[PDB]
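Okay, here's what each chain looks like letter by letter:
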Amino acid sequence: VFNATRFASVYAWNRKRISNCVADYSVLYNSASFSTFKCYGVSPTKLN
Amino acid sequence: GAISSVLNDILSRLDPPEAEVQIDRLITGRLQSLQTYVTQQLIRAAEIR
């Protein structure tokens, strides 16, 4: 999702379905990457 | 009017200042609903007496 070379166009976009797995969201804070990171539905720190 | 009626949900999701906004709506309504209950019980208390 994040590290893909070229994403899908916003005119026609492919939605990535992710289920039945382990999601580690602490790596985002352990290593700063995103310039703009925000959450409307939840808090950015509560994803983990 | 709050995003969710469960306190644990808003606390595990929204930011600290954002949760207080939702907690205000939950406390406000629950306070009014309880005041309405006490009011009605006092009325019925006058009817039984």
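Residues numbered from 1 in each chain as written, not as in the entry; some residues may be left out. Chains lettered and ligands numbered in written order. Part of a larger assembly, values for the part shown. Heavy atoms only, no water.

Asker: Help me out: how do you make sense of the overall build of chain A in this one?
Answerer: A tally of helices and strands in chain A yields one helix and zero strands. On the principal axes, the C-alpha backbone points of chain A span a range of 30 × 30 × 20 Å. Put simply, chain A has 48 residues, and 4% of those count as buried. (Helix = DSSP H or I, 4+ residues; strand = E, 2+ residues; numbered from the N terminus. Buried < 20%, exposed > 50% of the residue type's maximum accessible area, 1.4 Å probe, protein only.)

Asker: What exactly am I supposed to notice about the overall build of chain B here?
Answerer: Helix and strand counts for chain B come out as two helices and zero strands. Oriented by its inertia axes, the alpha-carbon framework of chain B measures out at about 50 × 15 × 15 Å. Here chain B holds 49 residues, and 12% of them are scored as buried. Carbon and sulfur atoms form 58% of the exposed surface of chain B, whose accessible area is close to 4000 Å². (Areas by Shrake-Rupley, 256 points an atom, 1.4 Å probe, with all protein chains shown as cover.)

Asker: Would you explain helix 2 (residues 16–48) of chain B in this entry?
Answerer: Helical geometry: 3.6 residues make up each α-helical turn, so side chains three or four residues apart lie on a common side. Between its first and last C-alpha, helix 2 of chain B extends 47 Å over 33 residues, near the 48 Å set by a 1.5 Å rise per residue. Among all positions of helix 2 of chain B, only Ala-19, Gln-22 and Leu-26 of chain B are buried. (Expected span 1.5 Å × (residues − 1).)

Asker: So what exactly am I meant to see when it comes to the environment of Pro-16 of chain B here?
Answerer: Relative to the elements of secondary structure, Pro-16 of chain B occurs in helix 2. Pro-16 of chain B gets classed as exposed once you look at its relative accessible area, which sits at 65%.

Asker: Could you clarify how one ought to interpret the interface of chain A and chain B in this entry?
Answerer: Interface size is often expressed as the accessible area that is lost when the parts come together. Taken residue by residue, the interface counts five residues in chain A and five residues in chain B. Ranking the residues of chain A by area buried against chain B places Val-42, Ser-43 and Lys-46 of chain A at the top, with a combined share of 69%. Summed over the shared surface of chain A and chain B, the result is zero salt bridges. Across the chain A-chain B interface, the total number found is three residue pairs in polar contact. (Contact = heavy atoms within 4.5 Å. Buried area = accessible area lost by both parts, 1.4 Å probe. Salt bridge = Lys/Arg side-chain N within 4 Å of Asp/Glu carboxyl O. Polar contact = N/O pair within 3.5 Å; in protein donor to acceptor, adjacent residues only side chain to side chain.)

Asker: So what exactly am I meant to see when it comes to a nonpolar patch on the surface here?
Answerer: A cluster of nonpolar residues, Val-1, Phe-2, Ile-18, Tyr-25, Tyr-29, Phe-34, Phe-37 and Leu-47 of chain A, forms a patch on the protein surface that exposes about 780 Å² of accessible area. In this structure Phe-2 of chain A comes out as exposed when scored by relative accessible area, which is 53%. (Patch = residues over 30% accessible without salt bridge, like charges linked within 9 Å, V, L, I, M, F, W, Y side chains within 5 Å.)

Asker: I keep staring at the packing of aromatic side chains and nothing clicks. Help me out?
Answerer: Given two aromatic rings, their pairing is described by the distance between the two centres and the angle made by the two planes. All names here are of chain A. Counting across every chain of the model gives three aromatic pairs over all chains. Between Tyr-29 and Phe-37 the ring centres are 6.2 Å apart and the planes differ by 90°, which places this aromatic pair in the edge-to-face class. Look at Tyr-29 and you get partly exposed, because its relative accessible area is 45%. Through a chain of ring-to-ring contacts, the aromatic side chains of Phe-2, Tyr-29, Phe-34 and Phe-37 assemble into a single cluster. (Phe/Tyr/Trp six-rings, centres within 6.5 Å; stacked < 30°, edge-to-face > 60°.)

Shape descriptors only; they carry no functional weight alone.
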